[PDB]
S.K.: 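Quick one: the structure is below, questions incoming.
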6 protein chains.
Amino acid sequence: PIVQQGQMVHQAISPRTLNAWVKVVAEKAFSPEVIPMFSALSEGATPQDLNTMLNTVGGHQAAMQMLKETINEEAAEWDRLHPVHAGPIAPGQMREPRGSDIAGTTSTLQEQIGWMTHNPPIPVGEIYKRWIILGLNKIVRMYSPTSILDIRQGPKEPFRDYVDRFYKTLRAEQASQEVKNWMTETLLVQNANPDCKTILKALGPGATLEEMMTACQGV
Amino acid sequence: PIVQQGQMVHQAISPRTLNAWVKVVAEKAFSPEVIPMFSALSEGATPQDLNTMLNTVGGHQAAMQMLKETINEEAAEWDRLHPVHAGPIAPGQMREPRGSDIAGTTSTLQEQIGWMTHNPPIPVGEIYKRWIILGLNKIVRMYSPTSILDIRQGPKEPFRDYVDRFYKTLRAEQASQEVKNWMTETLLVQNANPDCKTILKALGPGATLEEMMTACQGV
Amino acid sequence: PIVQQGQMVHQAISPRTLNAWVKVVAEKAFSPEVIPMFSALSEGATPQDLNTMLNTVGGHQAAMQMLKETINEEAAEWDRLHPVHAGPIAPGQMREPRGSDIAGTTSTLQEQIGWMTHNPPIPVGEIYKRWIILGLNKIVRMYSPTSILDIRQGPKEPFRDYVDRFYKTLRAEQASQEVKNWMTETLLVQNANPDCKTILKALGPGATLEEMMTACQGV
Amino acid sequence: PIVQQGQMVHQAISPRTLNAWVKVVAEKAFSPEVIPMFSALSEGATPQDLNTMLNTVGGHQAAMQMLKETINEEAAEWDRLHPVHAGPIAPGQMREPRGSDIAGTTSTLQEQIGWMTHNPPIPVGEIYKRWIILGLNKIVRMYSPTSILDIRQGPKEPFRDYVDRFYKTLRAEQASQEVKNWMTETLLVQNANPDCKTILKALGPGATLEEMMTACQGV
Amino acid sequence: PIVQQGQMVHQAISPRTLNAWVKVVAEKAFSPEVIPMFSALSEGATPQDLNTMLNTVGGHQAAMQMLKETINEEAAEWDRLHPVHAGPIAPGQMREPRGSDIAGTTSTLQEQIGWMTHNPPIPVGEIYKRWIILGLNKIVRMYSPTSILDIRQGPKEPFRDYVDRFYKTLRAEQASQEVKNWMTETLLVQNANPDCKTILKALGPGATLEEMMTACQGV
Amino acid sequence: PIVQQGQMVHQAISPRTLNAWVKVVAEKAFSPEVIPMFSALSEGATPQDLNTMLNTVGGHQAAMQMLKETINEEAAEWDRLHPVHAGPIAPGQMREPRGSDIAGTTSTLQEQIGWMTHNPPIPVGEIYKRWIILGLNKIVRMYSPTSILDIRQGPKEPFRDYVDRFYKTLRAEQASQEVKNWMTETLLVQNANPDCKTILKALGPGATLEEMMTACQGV
Ligand SMILES: [Cl-]
Ligand SMILES: [Cl-]
Ligand SMILES: [Cl-]
Ligand SMILES: [Cl-]
Ligand SMILES: [Cl-]
Ligand SMILES: [Cl-]
Ligand SMILES: [Cl-]
Ligand SMILES: [Cl-]
Ligand SMILES: [Cl-]
Ligand SMILES: [Cl-]
Ligand SMILES: [Cl-]
Ligand SMILES: [Cl-]
Ligand SMILES: [Cl-]
Ligand SMILES: [Cl-]
Ligand SMILES: [Cl-]
Ligand SMILES: [Cl-]
Ligand SMILES: [Cl-]
Ligand SMILES: [Cl-]
Ligand SMILES: [Cl-]
Ligand SMILES: [Cl-]
Ligand SMILES: [Cl-]
Ligand SMILES: [Cl-]
Ligand SMILES: [Cl-]
Ligand SMILES: [Cl-]
Ligand SMILES: [Cl-]
Ligand SMILES: [Cl-]
Ligand SMILES: [Cl-]
Ligand SMILES: [Cl-]
Ligand SMILES: [Cl-]
Ligand SMILES: [Cl-]
Ligand SMILES: [Cl-]
Ligand SMILES: [Cl-]
Ligand SMILES: [Cl-]
Ligand SMILES: [Cl-]
Ligand SMILES: [Cl-]
Ligand SMILES: [Cl-]
């Protein structure tokens, strides 16, 4: 990656960053929290470091292939929006990146460093990471085994566990924020057990989650 | 985070900081000592690092949602107290942060660095951490299974263990310091077993905890 | 290795880089993901560091000997393409590297540093790593126990597992990218079980992997 | 903490310093060797780092409360010896610390850094650590289960084990150095078993511990 | 060791370098791969660091004594080839090292640093490491339990395992490279089982190891 | 410790140096290899760091007390050889250290840094470490359970194991180097089993250990 005196300098990906990413992939598969962890382990990463993290994953090659196809889609869109201009690269300049250059497959490390350190900067690492996180979200949604409509509180289930399952599945839903606002507004109280449901209905339409869980505590 | 020559510089969150936070969350849930540990693992953290630490938590999504609602409350209050002034941002200045900018959801990393390194500084990281610690305290209080009024010394319980339970629950109470002074002043001696209670009454109203535990040692 | 102020400086290979490489070799043998991991653990490595990583491998001496022979082939080709010019090395210059100099067996550490830090640079470390990765690919292909033509979906096998095996073996194939495009275009749908095969045929010749796996999900 | 070019600079407490302190507290309770370890893990620590180390301790809240009371005693004494002078803080100066400022509860991190880096320095971190180590010594003495007068050599106990127990308990005694000189001068030879006691009496009043243990070796 | 701005600076040997060397010695005894690992863990090491690594080895004191005798032989030879010149050391110079000075037993750390940082340099660390690696090779050869003449393929043994044993023992042989070329040229095909031996004879005298192992794959 | 631009700077003792020293003390007691490890973990250490390493040792308080007495002996001798001169310390100078100042009990950290960084330097850390290593050698010799005169080869014992035990005990002897030369010259061949003893007698008085162990290999 590249780390900030003021100047930005490049260093290799660390052994325990590699081992941490491999470990979390091997242990957690494609649970939603893997996406921030990835984004955490790839701060300021070049496309070479991102390809390094993706390639060190053994197994799950169906999901990794889907990730390849998503990356290729975003690269093709970048090529459509950024048409290349023919002409020799002048002294004191650098060529404009293509879709495959941001993906790190047709660009050297020195070119990526040059794009990322220029003023103004061309952040190929954050663009590539954006595409990767897009594909990862597609995979997390695709591998989720539950739907938010099926989360229903059991007759003896404590309210805290029901809310845990509900917002876990809701985190795996990854629909828009307004759709999630509606899901929280309707399904959570709607799909509670009769007692807790009655009490939550008695709370009112503008109750917070803290008040809702406090109301059904001893229940 | 940002680390201090004199100049403050930015670096990525470390792999063992991430793994340490994930580990302590997975092992200790929401015991009070998790709050300082968090504050320890996020020294000089940007809002991006704080969101990184919060998002890498799998499970406990009810508590994390309550934390989201608390953060949104504090952000709305910040917006109420700091009304934004319309006008183009002049060369040599930066826009004033909104509530969602301090929360890191509507501000880039460069903007957070700029606010945090300016003279005078706008410490968005410590404000956001303040809100987060507020919500975490709400969660710790909400998930505490015991009340300080129910802590009573057993007939054969050593005094040290009773004081341990008492001040553990008292730490989970998180009422004001004067209320805790009164709780220590009344309940501790009041709820001891008859023998130790008699001896502590014989000590006097101004005895220290060291003297109280010394008095009921062999007892 | 050599790490980037701007100037490139040299430091020793780290203990946990060594232990990480030894560990991944001992645990994963010659699975394809070992090649990027290697390339990850040897960023900016000198030929001395690469020889260090190769020599610390105990066992697998057949594969390591094959790697030696591949390295010698690439070195002989480098000598054929780069004939050495006789003459004394002038003050302010350095000799041009031979095949064995890039392989680190006839060149000192100071010579490798000098080649790698000169302007223009002679990247002996990346050339040697290129040869090493070539031989490693030969070994990975040679030790693969399965062929892509034998990957067939079971009558009760979920489609995701079948695609996992398919693209794992395909990753071990390491034929050209167009040949792999044809393999994906023909064998994947061709070798599915009758039900999923019928549905995929109904999808159309231009369906993505995401659409194909979505179609055979409940199936 | 603050680490030494010449200038003293501040950095956050490290994850493995935190985990090391938490681990040693969880494993060793309040054995005497915990006090140097603490002092080792808090070299150059600010009051914020010391409060961080104390607050991350879960359980043992009786001892931690006693530590709070000791710290408050030392702070009150500091306030008695250092009366505050009223007046506005002049440009180029900083206010003088109170007892609670050294304890880190009423002083910001910037104020602690300013006191610790000024010439002449006001070492609030070493003063606070001094108070903390005082309270920790009180706790170690209070939780010691044995008294030095009860350490007596068994009829078949090797002399080395007896001396081990003796100086362990003596380390837990923490009386003045002259009192410990007398304890070593009298009890050690006095409380040995009859044979070893006779031989040590035959050694003479000025024998070293090496000579004493050599004399009762084969015995 | 000493690590490279440009200037070479000295630092202490790291705890995990020590623990790594102790661990690999305790686990792998004197397998050939211990020699590169050693050379890896002692890059740029002073004679003091090398003596540190050798002295921390508990047990195997026969091999360590043999290593002492080899080091003394090489030191005596260095003294024979480099006779010392009598005379006072002039201001701006340093004495020439003896055999025991390179071995670190009669030279201080400052003298070793001075020799290693001078221009032109006297690399006492690499000379001492050269002697140490010589003795280590003698020990590895002496503790090898097998001879290359006894490696014979079993009637049901896969060819890959036979080549593994063959080149393992060959690595333990450590004869000259031409002798090893002859051993590979004769014994490998000569000592294979009848079927594989017939096929390898049918391959021809100029076949690579890759072709030889490919020929006897299904066999 | 203090680490070398050129200038020597001070930093705190590291958590894994502490944990490494505590671990090796807990696992290996007082085997000879603990002394170099100690000397390895305390390179450039101040007297405060050395006292830190000694004080963190729990248990073995008999040996630690003997170490205290040895340190006090060496300090008293230093005071006898270096009489203190009365007079005020002039501006631009520092007081000369006493025995207890080198031991770190009557000198602050700043005084130790000042002595260690002055030109010419007063290396109080290496003097204190010298005394500590002296006492540690006394303890290692005192706790050795075997004498070199009792090491005798068994009738079926391989020669390598016998030499291992012999030089282990010899390392624990710690007599002068000429006495050890005589012990190797006489006892090793003298105390071998009859067969190996006959063969070694047939070797001659000037045989190396390599030749001696080679002679009794198959025997
Ligand atoms: Cl995996
Ligand atoms: Cl370009
Ligand atoms: Cl662009
Ligand atoms: Cl963009
Ligand atoms: Cl509940
Ligand atoms: Cl569920
Ligand atoms: Cl969790
Ligand atoms: Cl702005
Ligand atoms: Cl503001
Ligand atoms: Cl503010
Ligand atoms: Cl008690
Ligand atoms: Cl309780
Ligand atoms: Cl292996
Ligand atoms: Cl040259
Ligand atoms: Cl060239
Ligand atoms: Cl090239
Ligand atoms: Cl499926
Ligand atoms: Cl398969
Ligand atoms: Cl604890
Ligand atoms: Cl002030
Ligand atoms: Cl003051
Ligand atoms: Cl003071
Ligand atoms: Cl004894
Ligand atoms: Cl006891
Ligand atoms: Cl060992
Ligand atoms: Cl000299
Ligand atoms: Cl020389
Ligand atoms: Cl030389
Ligand atoms: Cl085979
Ligand atoms: Cl074998
Ligand atoms: Cl111990
Ligand atoms: Cl002074
Ligand atoms: Cl002196
Ligand atoms: Cl001296
Ligand atoms: Cl033997
Ligand atoms: Cl023995």
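Just so it is clear: chains get the letters A, B, ... in the order the sequence lines come, proteins before strands, and each one is counted from 1. Just so you know, these numbers use all the heavy atoms, side chains as well, and skip hydrogens, waters and symmetry mates.
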S.K.: Quick check on the interface: out of C/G59, C/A63, C/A12, who has the most heavy-atom pairs with chain E under 4.5 Å?
M.R.: C/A12
S.K.: Check the pair C/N55 / E/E33 against side-chain contact (heavy atoms from CB on, under 4.5 Å), numbers first and verdict last.
M.R.: CA-CA 6 Å; C/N55 290 332; E/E33 75 263 27; over 6 Å; no
S.K.: Give a yes or no on this: more than 12 heavy atoms of other residues, nucleotides or ligands lie within 6.0 Å of atom CD of C/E77.
M.R.: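 Yes - once you tally the heavy atoms of other residues, nucleotides and ligands closer than 6.0 Å, there are more than 12.
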S.K.: Say you draw a straight line from CG of E/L170 to CD of C/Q61; how long is it, rounded to the nearest 0.5 Å?
M.R.: 9.0 Å
S.K.: Please round to the nearest 0.5 Å and tell me the distance separating atom CE of C/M142 and atom CG of E/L209.
M.R.: 7.0 Å
S.K.: Go through it in stages, so that I can follow the logic: the residues are C/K68 and E/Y167, the test is side-chain contact (heavy atoms from CB on, under 4.5 Å), and I'd like the CA-CA distance, side-chain angles, deciding distance and then a yes or no.
M.R.: CA-CA 12 Å; C/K68 287 202 187 69; E/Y167 279 100; over 6 Å; no
S.K.: With a 4.5 angstrom heavy-atom cut-off, is it the side chain or the backbone of E/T17 that approaches chain C, or both, or neither?
M.R.: both
S.K.: Please check if the side chain of E/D164 supplies one atom and the backbone of C/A62 the other of a donor-acceptor pair under 3.5 Å.
M.R.: yes
S.K.: Could you look at C/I13 and say if it's the side chain, the backbone, both or neither that has a heavy atom under 4.5 Å from chain E?
M.R.: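 Contact with chain E: backbone and side chain both.
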S.K.: For C/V22, which atoms come within 4.5 Å of any heavy atom of chain E: side chain, backbone, both, or neither?
M.R.: side chain
S.K.: Take atom CD in C/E69; do more than 12 heavy atoms of anything else shown fall under 6.0 Å from it?
M.R.: yes
S.K.: Which bit of E/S39 comes within less than 4.5 Å of chain C, counting heavy atoms only: side chain, backbone, both or neither?
M.R.: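 Neither part.
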S.K.: Mind ranking E/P36, E/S31, E/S14, E/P32 by heavy-atom pairs under 4.5 Å with chain C and telling me who comes out on top?
M.R.: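 Of the candidates given, the most pairs with chain C belong to E/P36.
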S.K.: When rounded to the nearest 0.5 angstrom, what distance separates OG1 in C/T52 from CE in E/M37?
M.R.: 9.5 Å
S.K.: Nearest 0.5 angstrom please: E/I35 CD1 to C/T56 OG1, how far?
M.R.: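 The OG1 atom of C/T56 is 13.0 Å from CD1 of E/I35, to the nearest 0.5 Å.
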S.K.: Measure from the side-chain N and O atoms of E/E210 to the backbone N and O of C/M66, and report whether any donor-acceptor pair falls under 3.5 Å.
M.R.: no
S.K.: Measure distances from E/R16 to the heavy atoms of chain C and classify the residue's part below 4.5 Å as side chain, backbone, both or neither.
M.R.: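 Answer is both: backbone and side chain atoms of E/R16 are under 4.5 Å from chain C.
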S.K.: Could you walk me through whether C/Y143 and E/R160 pass side-chain contact (heavy atoms from CB on, under 4.5 Å), step by step?
M.R.: CA-CA 10 Å; C/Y143 286 10; E/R160 183 199 305 185; 3.7 Å; yes
S.K.: side-chain contact (heavy atoms from CB on, under 4.5 Å), that's the test. Do C/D49 and E/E43 meet it? Break it down for me.
M.R.: CA-CA 10 Å; C/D49 302 321; E/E43 273 199 52; 3.5 Å; yes
